[PDB]
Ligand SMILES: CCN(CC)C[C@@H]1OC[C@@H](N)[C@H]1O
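Below sits a lone chain in structure tokens, taken as the form solved without the ligand.
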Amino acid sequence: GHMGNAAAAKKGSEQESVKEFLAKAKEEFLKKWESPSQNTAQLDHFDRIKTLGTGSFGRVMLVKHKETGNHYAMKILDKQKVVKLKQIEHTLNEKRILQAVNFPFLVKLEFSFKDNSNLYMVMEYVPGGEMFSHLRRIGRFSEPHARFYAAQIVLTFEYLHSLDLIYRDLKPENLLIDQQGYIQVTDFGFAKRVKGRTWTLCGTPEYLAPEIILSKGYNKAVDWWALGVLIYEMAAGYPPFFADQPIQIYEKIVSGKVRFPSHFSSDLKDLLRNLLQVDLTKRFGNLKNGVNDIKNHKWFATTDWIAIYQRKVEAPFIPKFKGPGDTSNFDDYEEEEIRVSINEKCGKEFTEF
């Protein structure tokens, strides 16, 4: 067969150890899920430094904790805008997920609180910025470089899926690079606990699985489709399905056809054809052998999964960092004020936060 006795024994034991790890990780997650933390700091404990990103119901600021001098990324959500835009459940769920997970590639939530106007989530600051910017700037990643990142998403999805969490918003814009060159996943607005199926139309057009487009009940296999899109975009510099308008992107996604740059290795194309598989009974990550079909694929043959998990692999790329609080890897935004009302807004809606 493909493996001699020694390699087969090693792979079998590795796979059993992963099961053992996931069982313990699911136990630790559920404890924290059932009994979450609340109100662990206050606004005047931090100095505001710079806006790192803005949205329709809040923003993310680099802040410095006064006592400890540590820098953090503080997500500020306007309670009234959250309600107007129908994001109550998503916002509470994101916080609940973040306070319960624990994994080396998931951002760590260090504090959360609220006041009359806003909700606050204080997370580790990830100074390397989004993978998106580095990818557009470099053009494309070589296959070893893309594989380094892909390996981290594989392990992170293996973790999340063992907790019955579907991520649903994978894309380079949602992947930050830390000071050691490793990935941090920070946003969980669309993640859901789904043991079986779910139905919401959500995601980003280029990364939508065909069964989401076709309004089907779907499961965690949408994340493995999205991994195929991510790997393609990292290695090509552009995604596999694009067009002027989303409807034309969706026709491409459902067609079952995909084209590859001539510089893609045959191993990479074979993996991508198995992730970007419109037929759910044939998609890698959705078969009897689960995540192992992906991890044991030829394109990952040089990947030491434990070494990646332990962050012992030398990263292909370390972002420029001139010191703590360096923000050169983030876009520049106009600094708007953080007004806090004399009157509590939306207290009932955000009671559990």
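For clarity, a rigid core is taken as the largest C-alpha set superposing within 1.5 Å between two forms. Each residue number is its position in the shown sequence, starting from 1.
The form deposited with the ligand bound is left out here; the points below concern that form.
> Heavy atom within 4.5 Å of the ligand in the bound PDB entry: which of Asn219, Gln99, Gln87, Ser112?
Going through each option in turn, the one that passes is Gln87.
> How about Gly189: is it within 4.5 Å of the ligand in the bound PDB entry, going by heavy atoms?
Flag for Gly189 set to yes.
> Since only the chain is shown here, I'm wondering whether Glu94 would be in contact with the ligand in the bound PDB entry (any heavy atom pair within 4.5 Å).
Yes, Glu94 lies within 4.5 Å of the ligand in the bound PDB entry.
> Should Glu211 be counted as a contact of the ligand in the bound PDB entry, where contact means heavy atoms within 4.5 Å?
No, no contact at 4.5 Å.
> Just give me the residues of 265-287, first to last, that have a heavy atom within 4.5 Å of the ligand in the bound PDB entry.
Stretch hits: zero.
> Out of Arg137, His263, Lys86, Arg259, I need the residue that shifts by 2 angstroms or more at the Cα between the shown form and the other one, core superposed.
So the residue whose C-alpha moves 2 Å or more is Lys86.
> Knowing the shift is 3 Å or more, I'd like to know if the C-alpha atoms of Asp164 and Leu85 are closer or farther apart in the bound PDB entry than in the shown chain.
It is closer: the C-alpha separation of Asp164 and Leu85 falls by at least 3 Å in the bound PDB entry.
> Which is it in the bound PDB entry for the CA atoms of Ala209 and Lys86, closer or farther than here, knowing they shift by 3 Å or more?
It is closer: in the bound PDB entry, the C-alpha atoms of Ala209 and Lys86 lie at least 3 Å nearer than they do here.
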